[PDB]
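**Student:** Structure provided below as structure tokens; questions to follow.
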Amino acid sequence: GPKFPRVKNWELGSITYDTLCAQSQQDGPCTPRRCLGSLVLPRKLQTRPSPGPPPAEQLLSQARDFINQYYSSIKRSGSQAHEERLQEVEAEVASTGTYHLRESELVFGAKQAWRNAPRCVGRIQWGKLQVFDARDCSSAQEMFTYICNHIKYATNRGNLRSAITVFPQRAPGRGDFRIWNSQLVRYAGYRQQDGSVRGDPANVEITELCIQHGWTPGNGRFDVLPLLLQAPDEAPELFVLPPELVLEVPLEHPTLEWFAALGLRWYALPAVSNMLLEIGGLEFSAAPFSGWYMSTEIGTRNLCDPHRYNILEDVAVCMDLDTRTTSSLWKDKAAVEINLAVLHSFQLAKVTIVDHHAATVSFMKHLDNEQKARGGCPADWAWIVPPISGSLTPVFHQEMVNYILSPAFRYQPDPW
Amino acid sequence: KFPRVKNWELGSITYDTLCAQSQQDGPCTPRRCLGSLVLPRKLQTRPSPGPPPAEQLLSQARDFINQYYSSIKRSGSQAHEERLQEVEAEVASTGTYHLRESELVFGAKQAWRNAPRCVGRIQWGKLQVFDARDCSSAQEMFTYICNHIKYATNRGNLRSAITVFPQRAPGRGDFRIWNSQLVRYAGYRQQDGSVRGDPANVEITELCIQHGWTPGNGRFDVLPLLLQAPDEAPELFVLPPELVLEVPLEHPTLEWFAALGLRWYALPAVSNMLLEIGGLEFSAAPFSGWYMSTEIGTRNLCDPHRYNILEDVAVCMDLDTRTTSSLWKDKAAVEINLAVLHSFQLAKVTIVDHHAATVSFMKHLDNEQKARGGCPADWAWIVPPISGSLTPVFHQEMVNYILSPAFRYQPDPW
Ligand code: HEM
Ligand code: HEM
Ligand SMILES: NC(=[NH2+])NCCC[C@H](N)C(=O)O
Ligand SMILES: NC(=[NH2+])NCCC[C@H](N)C(=O)O
Ligand SMILES: [Zn+2]
């Protein structure tokens, strides 16, 4: 058989081979001795900061590779324009120790990075991404304006649109552009006296950083945090998002009338902002991206995780379930109703959202498209399969090959 | 390098130093991870045209013997050195060797302990090992199997057991149980490409008919066994109904559930896996314990390629099957799993729900961290098919590797 990973779909009994993994130039965490596929942050999916510019040879090879990817995408591989661009990059680096991307190249790489994201189940939309070029940005104040513009365009009053805003890349001998917050919109996490946390336990450190930087905290469960934007070599500046910009959805249940009384809510825009966008060896340390939520992210993870809002027991008690015995499946029953409420509340408020069945079904179509288009698709099974009703979705029964392709969205150290 | 492992729910960290003992290779490489693949040729132990070279066999054997004597704390005693000599002498003259009963008992328990995809490993020390190496016919295999079943079932108070048939020998065919489990339901290809019964058993059902089985036509017809002695054609054996404990499915509050006629056997006995101890391979070594509710309620009954009853139940519940957003599938699955737990509980049959099972696995992980410095686990199999994040194991990072003794996959005898 073919000299590549054989992949099977147990529901359909169909087979495919992944030839695309042959293109991977960056090693993952696994070795033939042991699989480290379940680790969230292995030192293999992280790109550490740099106290020195990338060796002109490694950067060049990465640059040449990206340029080849670009021209191939536009079908001019080997052309004069191709050779000229490659020359311009080499010359540029040979003198400055770095280079710059053409506007069309940045748009190509940004879409490719999303396309290459193993942990994203919404990749069927990879072609539809609004790329806001913010490489002219020169201050934290301007970062805020760009971010506000991103939120307005992306939110679009409920009819969400995928977008990313690219701030200036990493320059040797100059500090980075960084958004300290993990997401543009996040709820505060207040550490209480008894030790507990009011709000989102995940955001405890950033909340305390905002306060250390002059933020006057509230004391609610759903307090939107201000941004901590950092321009090169300057301390981070605090900026408050205008409430009218931040669209939220109050959660209610279609039948359980009491669910509304819980006072639960969630913001409409998922905008990751602490990830590094890497293209052709160039590192864009500040490049917030956003799309729309898949219901389980809110109803299951955010609201039900033991280390997050942890409302499973509260909802169970309200449903009058036997919370004293595991075999009553109270957790399962409550989780189902919480997810249903998120779906129902978003549809009612006319805010874009996709449930886990629809999301996975479309990702299967994405896998099929990518099989023909690139001969494979890097996918992290643990992250693609929904946190609830796993085997009830088609992706569970689909084996997957995971590897790193560039351009890519990578994890980076906290600026503090 | 030793992998730093983290529990995202508790913030705790552990370093797996046990993976350093792995000598067998998995499917992953630094270029790409194949951890989600069910059957790589790596975990497989295919047939062979010649004897395992004395060097490799002798090294696996000595390692196992070393593991055994360390277990009884007699590591270094004269019994240890003499057992090592006995093994060397037998391999150098015969190209193979044999195990003592006590070693085979230690081995089988260690095989289970090392099974990455098993969430029931807290019970690893409690295993009844039936030595069936003094078997010379399929007929004998049948008697042994019937006794395993009679013991294991125990009127509903299930007990973990394993029956070990003769090891593979370079000079002949293997002892094999053709069935994937000692107890399974038939799958009859019904004209229009569909299947009556369990679709996962279509092939074996056909084989049984091929060998003279008079088939039935229900959805839950228990299949006869196809047992095979070396270099002989498999023989058909029908299991005595009184030995097959089955549980009729009903729901605690939905009176109409019982009307679905659903039911499932009580004993989960995998019989197609190869057991490897000290380089020796046992091609027929069925093992059983008890079910985890999701195996029946979610996988067996709801998988699209299995009984696929999700929609039927949803219709009975009068759910919105029009669209995915009504979460009709999730609601249906929850009730089915509940009907499974209620039914096994109402009957005399042992069963564990996924919340109880995973909590116990977390305890096992802790025990193993102190005992061996780690524990091979395959995240995709440990995390249940429904309500993944609602369980503690979902938030636990895991390292997956091959330790020996081990249960491995092997080619289908046909
Ligand atoms: C169009 C709607 C989209 C959907 C429904 C979707 C859904 C998801 C989901 C469910 C996850 C896992 C979340 C978690 O477990 O924390 C995820 C991860 C990811 N998505 Fe998407 N995504 C979408 C848009 C985007 C866009 C526009 C980008 C970038 C341009 C993107 C980049 C990624 C990346 C890099 C990750 C990995 C995050 C991490 O490693 O923590 N996604 N997405
Ligand atoms: C005591 C109760 C037990 C429980 C609750 C339990 C549960 C499980 C579960 C849920 C799986 C995954 C099955 C699947 O997804 O198809 C599994 C796999 C497995 N179990 Fe256990 N188990 C138990 C006993 C045993 C015993 C007695 C042995 C062996 C002596 C064992 C060996 C294994 C192995 C090797 C696998 C892999 C199966 C495969 O690859 O298809 N288990 N077990
Ligand atoms: N649909 C997305 N764009 N998701 C990005 C990750 C968001 C993260 N899972 C959250 O719940 O906040
Ligand atoms: N609990 C066990 N030992 N299970 C072994 C595998 C059983 C298999 N998953 C089934 O549904 O029949
Ligand atoms: Zn792996």
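Identifiers in the structure tokens: chain A, B, ... in order shown; residue index from 1 per chain; ligand index from 1 in order shown.
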Per residue of chain B within 9 Å of ligand 2, what are the shortest atom pair and its distance in Å to one decimal, counting only C-alpha atoms and all ligand atoms, with rows by chain and residue number, as JSON lines?

**Tutor:**
{"residue": "B:38", "atom": "CA", "partner": "ligand 2", "partner_atom_place_in_ligand_line": "40 (O)", "distance": 7.8}
{"residue": "B:39", "atom": "CA", "partner": "ligand 2", "partner_atom_place_in_ligand_line": "40 (O)", "distance": 8.6}
{"residue": "B:108", "atom": "CA", "partner": "ligand 2", "partner_atom_place_in_ligand_line": "30 (C)", "distance": 6.6}
{"residue": "B:109", "atom": "CA", "partner": "ligand 2", "partner_atom_place_in_ligand_line": "30 (C)", "distance": 6.6}
{"residue": "B:110", "atom": "CA", "partner": "ligand 2", "partner_atom_place_in_ligand_line": "30 (C)", "distance": 8.8}
{"residue": "B:111", "atom": "CA", "partner": "ligand 2", "partner_atom_place_in_ligand_line": "30 (C)", "distance": 7.1}
{"residue": "B:112", "atom": "CA", "partner": "ligand 2", "partner_atom_place_in_ligand_line": "29 (C)", "distance": 4.7}
{"residue": "B:113", "atom": "CA", "partner": "ligand 2", "partner_atom_place_in_ligand_line": "29 (C)", "distance": 8.2}
{"residue": "B:114", "atom": "CA", "partner": "ligand 2", "partner_atom_place_in_ligand_line": "35 (C)", "distance": 8.2}
{"residue": "B:115", "atom": "CA", "partner": "ligand 2", "partner_atom_place_in_ligand_line": "35 (C)", "distance": 4.9}
{"residue": "B:116", "atom": "CA", "partner": "ligand 2", "partner_atom_place_in_ligand_line": "37 (C)", "distance": 7.4}
{"residue": "B:117", "atom": "CA", "partner": "ligand 2", "partner_atom_place_in_ligand_line": "37 (C)", "distance": 5.1}
{"residue": "B:118", "atom": "CA", "partner": "ligand 2", "partner_atom_place_in_ligand_line": "18 (C)", "distance": 3.9}
{"residue": "B:119", "atom": "CA", "partner": "ligand 2", "partner_atom_place_in_ligand_line": "8 (C)", "distance": 5.0}
{"residue": "B:120", "atom": "CA", "partner": "ligand 2", "partner_atom_place_in_ligand_line": "4 (C)", "distance": 4.0}
{"residue": "B:121", "atom": "CA", "partner": "ligand 2", "partner_atom_place_in_ligand_line": "23 (C)", "distance": 6.8}
{"residue": "B:122", "atom": "CA", "partner": "ligand 2", "partner_atom_place_in_ligand_line": "1 (C)", "distance": 7.9}
{"residue": "B:123", "atom": "CA", "partner": "ligand 2", "partner_atom_place_in_ligand_line": "1 (C)", "distance": 5.7}
{"residue": "B:124", "atom": "CA", "partner": "ligand 2", "partner_atom_place_in_ligand_line": "27 (C)", "distance": 7.2}
{"residue": "B:126", "atom": "CA", "partner": "ligand 2", "partner_atom_place_in_ligand_line": "27 (C)", "distance": 8.4}
{"residue": "B:127", "atom": "CA", "partner": "ligand 2", "partner_atom_place_in_ligand_line": "27 (C)", "distance": 6.5}
{"residue": "B:128", "atom": "CA", "partner": "ligand 2", "partner_atom_place_in_ligand_line": "27 (C)", "distance": 8.7}
{"residue": "B:129", "atom": "CA", "partner": "ligand 2", "partner_atom_place_in_ligand_line": "30 (C)", "distance": 8.8}
{"residue": "B:158", "atom": "CA", "partner": "ligand 2", "partner_atom_place_in_ligand_line": "1 (C)", "distance": 8.8}
{"residue": "B:159", "atom": "CA", "partner": "ligand 2", "partner_atom_place_in_ligand_line": "1 (C)", "distance": 7.7}
{"residue": "B:160", "atom": "CA", "partner": "ligand 2", "partner_atom_place_in_ligand_line": "27 (C)", "distance": 4.7}
{"residue": "B:161", "atom": "CA", "partner": "ligand 2", "partner_atom_place_in_ligand_line": "27 (C)", "distance": 5.8}
{"residue": "B:162", "atom": "CA", "partner": "ligand 2", "partner_atom_place_in_ligand_line": "30 (C)", "distance": 6.1}
{"residue": "B:268", "atom": "CA", "partner": "ligand 2", "partner_atom_place_in_ligand_line": "24 (C)", "distance": 8.3}
{"residue": "B:269", "atom": "CA", "partner": "ligand 2", "partner_atom_place_in_ligand_line": "26 (C)", "distance": 8.4}
{"residue": "B:270", "atom": "CA", "partner": "ligand 2", "partner_atom_place_in_ligand_line": "38 (C)", "distance": 7.4}
{"residue": "B:272", "atom": "CA", "partner": "ligand 2", "partner_atom_place_in_ligand_line": "41 (O)", "distance": 8.9}
{"residue": "B:273", "atom": "CA", "partner": "ligand 2", "partner_atom_place_in_ligand_line": "35 (C)", "distance": 7.8}
{"residue": "B:275", "atom": "CA", "partner": "ligand 2", "partner_atom_place_in_ligand_line": "35 (C)", "distance": 8.9}
{"residue": "B:286", "atom": "CA", "partner": "ligand 2", "partner_atom_place_in_ligand_line": "30 (C)", "distance": 8.3}
{"residue": "B:287", "atom": "CA", "partner": "ligand 2", "partner_atom_place_in_ligand_line": "30 (C)", "distance": 5.2}
{"residue": "B:288", "atom": "CA", "partner": "ligand 2", "partner_atom_place_in_ligand_line": "27 (C)", "distance": 4.7}
{"residue": "B:289", "atom": "CA", "partner": "ligand 2", "partner_atom_place_in_ligand_line": "24 (C)", "distance": 4.1}
{"residue": "B:290", "atom": "CA", "partner": "ligand 2", "partner_atom_place_in_ligand_line": "2 (C)", "distance": 4.4}
{"residue": "B:291", "atom": "CA", "partner": "ligand 2", "partner_atom_place_in_ligand_line": "5 (C)", "distance": 5.0}
{"residue": "B:292", "atom": "CA", "partner": "ligand 2", "partner_atom_place_in_ligand_line": "5 (C)", "distance": 4.8}
{"residue": "B:293", "atom": "CA", "partner": "ligand 2", "partner_atom_place_in_ligand_line": "10 (C)", "distance": 8.3}
{"residue": "B:294", "atom": "CA", "partner": "ligand 2", "partner_atom_place_in_ligand_line": "10 (C)", "distance": 7.5}
{"residue": "B:295", "atom": "CA", "partner": "ligand 2", "partner_atom_place_in_ligand_line": "10 (C)", "distance": 6.1}
{"residue": "B:299", "atom": "CA", "partner": "ligand 2", "partner_atom_place_in_ligand_line": "15 (O)", "distance": 7.9}
{"residue": "B:300", "atom": "CA", "partner": "ligand 2", "partner_atom_place_in_ligand_line": "16 (O)", "distance": 9.0}
{"residue": "B:351", "atom": "CA", "partner": "ligand 2", "partner_atom_place_in_ligand_line": "5 (C)", "distance": 7.5}
{"residue": "B:352", "atom": "CA", "partner": "ligand 2", "partner_atom_place_in_ligand_line": "5 (C)", "distance": 6.4}
{"residue": "B:353", "atom": "CA", "partner": "ligand 2", "partner_atom_place_in_ligand_line": "5 (C)", "distance": 8.6}
{"residue": "B:354", "atom": "CA", "partner": "ligand 2", "partner_atom_place_in_ligand_line": "10 (C)", "distance": 8.3}
{"residue": "B:357", "atom": "CA", "partner": "ligand 2", "partner_atom_place_in_ligand_line": "5 (C)", "distance": 6.6}
{"residue": "B:381", "atom": "CA", "partner": "ligand 2", "partner_atom_place_in_ligand_line": "15 (O)", "distance": 5.9}
{"residue": "B:382", "atom": "CA", "partner": "ligand 2", "partner_atom_place_in_ligand_line": "12 (C)", "distance": 7.1}
{"residue": "B:383", "atom": "CA", "partner": "ligand 2", "partner_atom_place_in_ligand_line": "10 (C)", "distance": 8.9}
{"residue": "B:384", "atom": "CA", "partner": "ligand 2", "partner_atom_place_in_ligand_line": "10 (C)", "distance": 7.5}
{"residue": "B:385", "atom": "CA", "partner": "ligand 2", "partner_atom_place_in_ligand_line": "15 (O)", "distance": 8.5}
{"residue": "B:406", "atom": "CA", "partner": "ligand 2", "partner_atom_place_in_ligand_line": "35 (C)", "distance": 7.7}
{"residue": "B:407", "atom": "CA", "partner": "ligand 2", "partner_atom_place_in_ligand_line": "35 (C)", "distance": 5.2}
{"residue": "B:408", "atom": "CA", "partner": "ligand 2", "partner_atom_place_in_ligand_line": "35 (C)", "distance": 7.5}
{"residue": "B:409", "atom": "CA", "partner": "ligand 2", "partner_atom_place_in_ligand_line": "40 (O)", "distance": 7.3}

**Student:** Name all residues at most 12 Å from segment 6-9 of chain B (count only C-alpha atoms; drop same-chain ones fewer than 2 positions away) and give them as a ChimeraX atom specification.

**Tutor:** /A:36,38-42,201-202,301,304-308,310 /B:3-4,11-16,362,365-366,389-399

**Student:** Could the residues in this selection be saved with N, CA and C atoms as a short mmCIF file (atom, residue, chain, number, x, y, z; two decimals), in the first residue's frame?

**Tutor:**
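Output saved as again-v2.cif:
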data_model
loop_
_atom_site.label_atom_id
_atom_site.label_comp_id
_atom_site.auth_asym_id
_atom_site.auth_seq_id
_atom_site.Cartn_x
_atom_site.Cartn_y
_atom_site.Cartn_z
N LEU A 36 2.40 11.83 22.78
CA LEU A 36 2.15 12.98 23.63
C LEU A 36 1.05 13.83 22.97
N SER A 38 -2.13 14.13 23.63
CA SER A 38 -3.14 14.74 24.50
C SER A 38 -2.66 15.97 25.27
N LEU A 39 -1.38 16.27 25.22
CA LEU A 39 -0.88 17.44 25.93
C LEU A 39 -1.33 18.71 25.22
N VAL A 40 -1.86 19.63 26.02
CA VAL A 40 -2.36 20.93 25.51
C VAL A 40 -1.18 21.79 25.03
N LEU A 41 -0.21 21.98 25.93
CA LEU A 41 0.99 22.74 25.66
C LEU A 41 2.28 22.01 25.83
N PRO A 42 2.65 21.23 24.78
CA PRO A 42 3.90 20.49 24.83
C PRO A 42 4.87 21.57 24.31
N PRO A 201 -12.85 31.83 36.75
CA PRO A 201 -11.60 31.41 37.40
C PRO A 201 -10.40 31.40 36.44
N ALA A 202 -10.67 31.26 35.15
CA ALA A 202 -9.62 31.24 34.14
C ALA A 202 -8.94 32.59 33.97
N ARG A 301 -18.03 23.66 28.06
CA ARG A 301 -16.75 24.04 28.64
C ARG A 301 -16.78 25.24 29.57
N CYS A 304 -19.77 24.75 32.25
CA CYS A 304 -19.75 23.54 33.07
C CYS A 304 -18.41 22.98 33.54
N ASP A 305 -17.28 23.44 32.99
CA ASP A 305 -15.98 22.93 33.44
C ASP A 305 -15.80 23.11 34.95
N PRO A 306 -15.22 22.11 35.64
CA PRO A 306 -15.04 22.25 37.08
C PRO A 306 -14.20 23.46 37.48
N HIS A 307 -13.24 23.81 36.63
CA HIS A 307 -12.35 24.94 36.87
C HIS A 307 -12.81 26.23 36.22
N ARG A 308 -14.05 26.26 35.73
CA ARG A 308 -14.62 27.47 35.11
C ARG A 308 -15.86 27.89 35.91
N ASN A 310 -18.56 26.22 36.45
CA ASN A 310 -19.00 25.05 37.22
C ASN A 310 -20.45 25.14 37.69
N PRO B 3 8.19 13.35 29.89
CA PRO B 3 7.04 14.23 29.68
C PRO B 3 6.38 14.78 30.93
N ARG B 4 6.28 16.10 30.98
CA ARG B 4 5.62 16.80 32.07
C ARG B 4 4.15 16.62 31.73
N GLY B 11 -4.74 21.66 38.29
CA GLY B 11 -3.49 22.38 38.24
C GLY B 11 -2.27 21.53 38.61
N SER B 12 -2.50 20.29 39.02
CA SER B 12 -1.40 19.39 39.40
C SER B 12 -0.53 18.96 38.22
N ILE B 13 0.71 18.60 38.53
CA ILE B 13 1.69 18.19 37.53
C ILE B 13 2.42 16.91 37.97
N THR B 14 2.70 16.02 37.01
CA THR B 14 3.41 14.77 37.25
C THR B 14 4.34 14.47 36.09
N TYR B 15 5.43 13.76 36.35
CA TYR B 15 6.36 13.42 35.29
C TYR B 15 6.34 11.91 35.08
N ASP B 16 6.00 11.49 33.86
CA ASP B 16 5.94 10.08 33.52
C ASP B 16 7.33 9.55 33.18
N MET B 362 -8.98 7.75 37.83
CA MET B 362 -8.15 8.83 38.36
C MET B 362 -7.41 8.34 39.60
N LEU B 365 -4.70 6.11 38.38
CA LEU B 365 -3.59 6.90 37.84
C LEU B 365 -2.67 7.34 38.98
N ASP B 366 -3.28 7.77 40.08
CA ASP B 366 -2.54 8.22 41.26
C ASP B 366 -1.76 7.05 41.85
N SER B 389 -16.19 16.06 28.77
CA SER B 389 -15.70 17.05 29.75
C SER B 389 -16.38 17.01 31.12
N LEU B 390 -17.52 16.35 31.19
CA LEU B 390 -18.25 16.20 32.44
C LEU B 390 -17.54 15.18 33.34
N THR B 391 -16.46 14.56 32.84
CA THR B 391 -15.71 13.58 33.62
C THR B 391 -14.29 14.08 33.88
N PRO B 392 -13.67 13.66 35.00
CA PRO B 392 -12.32 14.07 35.38
C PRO B 392 -11.19 13.70 34.44
N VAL B 393 -11.31 12.57 33.76
CA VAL B 393 -10.27 12.12 32.85
C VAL B 393 -10.07 13.04 31.65
N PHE B 394 -11.13 13.73 31.23
CA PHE B 394 -11.04 14.64 30.10
C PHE B 394 -10.02 15.74 30.36
N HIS B 395 -9.95 16.18 31.61
CA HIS B 395 -9.05 17.26 32.02
C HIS B 395 -7.66 16.79 32.42
N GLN B 396 -7.41 15.50 32.26
CA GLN B 396 -6.14 14.90 32.61
C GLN B 396 -5.30 14.58 31.39
N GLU B 397 -4.10 15.15 31.32
CA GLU B 397 -3.21 14.86 30.21
C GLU B 397 -2.70 13.43 30.41
N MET B 398 -2.46 12.75 29.30
CA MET B 398 -2.03 11.36 29.34
C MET B 398 -0.93 11.06 28.35
N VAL B 399 -0.06 10.14 28.74
CA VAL B 399 1.06 9.69 27.93
C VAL B 399 0.68 8.27 27.47
#

**Student:** Which residue out of B:379, B:220, B:414, B:130 has the minimum interatomic distance to chain A when only C-alpha atoms are used?

**Tutor:** B:379

**Student:** Which polymer residues have any atom within 7 Å of an atom of segment 232-243 of chain B, counting only C-alpha atoms, with same-chain residues fewer than 6 positions away left out, as a VMD selection string?

**Tutor:** chain B and resid 138 149 to 150 211 224 to 226

**Student:** If we count only C-alpha atoms, which residues of chain B reach to within 7 Å of chain A? Please list them as a PyMOL selection string.

**Tutor:** chain B and resi 9+19+22+24-37+303-305+324-327+330-331+334+341+353+355-356+379-380+385-390+397-401

**Student:** Go ahead and save the picked residues with C-alpha atoms, as a PDB file, in the first residue's frame.

**Tutor:**
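As a result, selection_27.pdb now contains:
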ATOM      1  CA  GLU B   9      -8.881  20.836  36.493  1.00  0.00           C
ATOM      2  CA  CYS B  19       7.446   5.446  29.476  1.00  0.00           C
ATOM      3  CA  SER B  22       8.872   1.031  26.662  1.00  0.00           C
ATOM      4  CA  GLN B  24       7.864  -1.482  21.615  1.00  0.00           C
ATOM      5  CA  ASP B  25       7.194   1.297  19.095  1.00  0.00           C
ATOM      6  CA  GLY B  26       3.915   3.117  18.565  1.00  0.00           C
ATOM      7  CA  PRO B  27       2.693   4.639  15.248  1.00  0.00           C
ATOM      8  CA  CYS B  28       3.695   8.224  16.064  1.00  0.00           C
ATOM      9  CA  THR B  29       6.854  10.022  14.944  1.00  0.00           C
ATOM     10  CA  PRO B  30       7.924  13.640  15.468  1.00  0.00           C
ATOM     11  CA  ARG B  31       6.564  14.487  11.949  1.00  0.00           C
ATOM     12  CA  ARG B  32       2.988  13.437  12.732  1.00  0.00           C
ATOM     13  CA  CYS B  33       0.886  11.872  15.509  1.00  0.00           C
ATOM     14  CA  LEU B  34      -1.223   8.781  14.686  1.00  0.00           C
ATOM     15  CA  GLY B  35      -2.636   8.395  18.191  1.00  0.00           C
ATOM     16  CA  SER B  36      -6.263   8.352  17.029  1.00  0.00           C
ATOM     17  CA  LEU B  37      -5.742   5.329  14.779  1.00  0.00           C
ATOM     18  CA  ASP B 303     -23.311   4.182  16.782  1.00  0.00           C
ATOM     19  CA  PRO B 304     -24.503   4.875  13.198  1.00  0.00           C
ATOM     20  CA  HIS B 305     -22.805   1.656  12.054  1.00  0.00           C
ATOM     21  CA  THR B 324     -29.648  19.297  15.032  1.00  0.00           C
ATOM     22  CA  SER B 325     -30.175  22.439  17.184  1.00  0.00           C
ATOM     23  CA  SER B 326     -32.954  20.829  19.220  1.00  0.00           C
ATOM     24  CA  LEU B 327     -30.274  18.437  20.555  1.00  0.00           C
ATOM     25  CA  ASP B 330     -28.150  14.160  22.939  1.00  0.00           C
ATOM     26  CA  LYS B 331     -31.428  13.843  24.779  1.00  0.00           C
ATOM     27  CA  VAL B 334     -28.934  10.201  27.687  1.00  0.00           C
ATOM     28  CA  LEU B 341     -28.064   1.492  34.062  1.00  0.00           C
ATOM     29  CA  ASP B 353     -21.516   4.175  34.808  1.00  0.00           C
ATOM     30  CA  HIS B 355     -18.708   8.871  36.002  1.00  0.00           C
ATOM     31  CA  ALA B 356     -17.946   6.133  38.531  1.00  0.00           C
ATOM     32  CA  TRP B 379      -6.968   9.577  26.015  1.00  0.00           C
ATOM     33  CA  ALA B 380      -9.425   8.901  23.193  1.00  0.00           C
ATOM     34  CA  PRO B 385     -18.280   8.651  24.188  1.00  0.00           C
ATOM     35  CA  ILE B 386     -20.804  11.021  25.775  1.00  0.00           C
ATOM     36  CA  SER B 387     -20.259  13.735  28.343  1.00  0.00           C
ATOM     37  CA  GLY B 388     -16.524  13.816  27.846  1.00  0.00           C
ATOM     38  CA  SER B 389     -15.700  17.046  29.748  1.00  0.00           C
ATOM     39  CA  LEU B 390     -18.252  16.201  32.440  1.00  0.00           C
ATOM     40  CA  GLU B 397      -3.212  14.856  30.215  1.00  0.00           C
ATOM     41  CA  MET B 398      -2.028  11.362  29.336  1.00  0.00           C
ATOM     42  CA  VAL B 399       1.058   9.685  27.928  1.00  0.00           C
ATOM     43  CA  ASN B 400       0.557   6.625  25.700  1.00  0.00           C
ATOM     44  CA  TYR B 401       3.165   3.888  25.173  1.00  0.00           C
TER      45      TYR B 401
END

**Student:** From a DSSP pass on the backbone, collect the residues of segment 122-188 of chain A flagged as helix (DSSP H, G or I) and hand them back as a ChimeraX atom specification.

**Tutor:** /A:123-125,140-158

**Student:** Which of segment 207-345 of chain A counts as strand (DSSP E or B) under DSSP, as a ChimeraX atom specification please?

**Tutor:** /A:224,227-230,237-239,248-250,265-267,271-272,276-279,282-284,289-290,294

**Student:** Neighbouring residues of segment 220-222 of chain A were defined as those with any atom within 9 Å, considering only C-alpha atoms; residues of the same chain fewer than 4 positions away were excluded. Please report them as a list in words.

**Tutor:** residues 186, 187, 188, 189, 190, 198, 199, 200, 264, 265 and 266 of chain A

**Student:** Can you spit out the residues from that selection as an mmCIF file, in the first residue's frame, using N, CA and C atoms?

**Tutor:**
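And here is the file that came out, selection-v1.cif:
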data_model
loop_
_atom_site.group_PDB
_atom_site.id
_atom_site.type_symbol
_atom_site.label_atom_id
_atom_site.label_comp_id
_atom_site.auth_asym_id
_atom_site.auth_seq_id
_atom_site.Cartn_x
_atom_site.Cartn_y
_atom_site.Cartn_z
ATOM 1 N N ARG A 186 -13.620 39.106 27.627
ATOM 2 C CA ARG A 186 -13.460 38.099 28.683
ATOM 3 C C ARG A 186 -14.086 38.594 29.984
ATOM 4 N N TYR A 187 -14.607 37.677 30.785
ATOM 5 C CA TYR A 187 -15.196 38.066 32.054
ATOM 6 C C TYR A 187 -14.138 38.050 33.146
ATOM 7 N N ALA A 188 -14.265 38.976 34.092
ATOM 8 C CA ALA A 188 -13.316 39.105 35.193
ATOM 9 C C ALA A 188 -13.431 37.949 36.172
ATOM 10 N N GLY A 189 -12.321 37.638 36.830
ATOM 11 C CA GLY A 189 -12.289 36.564 37.808
ATOM 12 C C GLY A 189 -11.726 37.131 39.092
ATOM 13 N N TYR A 190 -12.616 37.375 40.051
ATOM 14 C CA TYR A 190 -12.250 37.954 41.344
ATOM 15 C C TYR A 190 -11.971 36.912 42.435
ATOM 16 N N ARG A 198 -15.161 34.662 42.114
ATOM 17 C CA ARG A 198 -16.404 35.190 41.590
ATOM 18 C C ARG A 198 -16.080 35.556 40.139
ATOM 19 N N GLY A 199 -16.869 35.030 39.210
ATOM 20 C CA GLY A 199 -16.626 35.284 37.802
ATOM 21 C C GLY A 199 -15.958 34.089 37.138
ATOM 22 N N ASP A 200 -15.048 34.356 36.211
ATOM 23 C CA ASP A 200 -14.352 33.299 35.489
ATOM 24 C C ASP A 200 -12.995 33.007 36.111
ATOM 25 N N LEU A 264 -27.566 33.919 33.939
ATOM 26 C CA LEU A 264 -26.409 33.522 33.145
ATOM 27 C C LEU A 264 -26.391 34.240 31.792
ATOM 28 N N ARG A 265 -25.194 34.514 31.284
ATOM 29 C CA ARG A 265 -25.050 35.179 29.991
ATOM 30 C C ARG A 265 -23.676 34.899 29.405
ATOM 31 N N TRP A 266 -23.513 35.201 28.126
ATOM 32 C CA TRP A 266 -22.213 35.033 27.485
ATOM 33 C C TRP A 266 -22.087 36.037 26.340
#

**Student:** Taking 4 positions as the minimum chain separation for residues in the same chain, which residues sit within 8 Å of residue 174 of chain A when counting only C-alpha atoms? Answer as a PyMOL selection string.

**Tutor:** chain A and resi 170+232-233

**Student:** Which residues sit within 6 Å of ligand 1, counting only C-alpha atoms and all ligand atoms, listed as a PyMOL selection string?

**Tutor:** chain A and resi 114+117+119-122+125+162-164+289-294+383+409

**Student:** Just to confirm, what's the straight-line distance from atom 4 (N, counted along the ligand's line) of ligand 4 to atom CA of residue 267 of chain B in Å (one decimal)?

**Tutor:**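 These two atoms are separated by 8.7 Å.
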
**Student:** Pick from B:79, B:87, B:266, B:371: nearest to ligand 4, with only C-alpha atoms and all ligand atoms counted?

**Tutor:**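 With only C-alpha atoms and all ligand atoms as the atom set, the closest residue is B:266.
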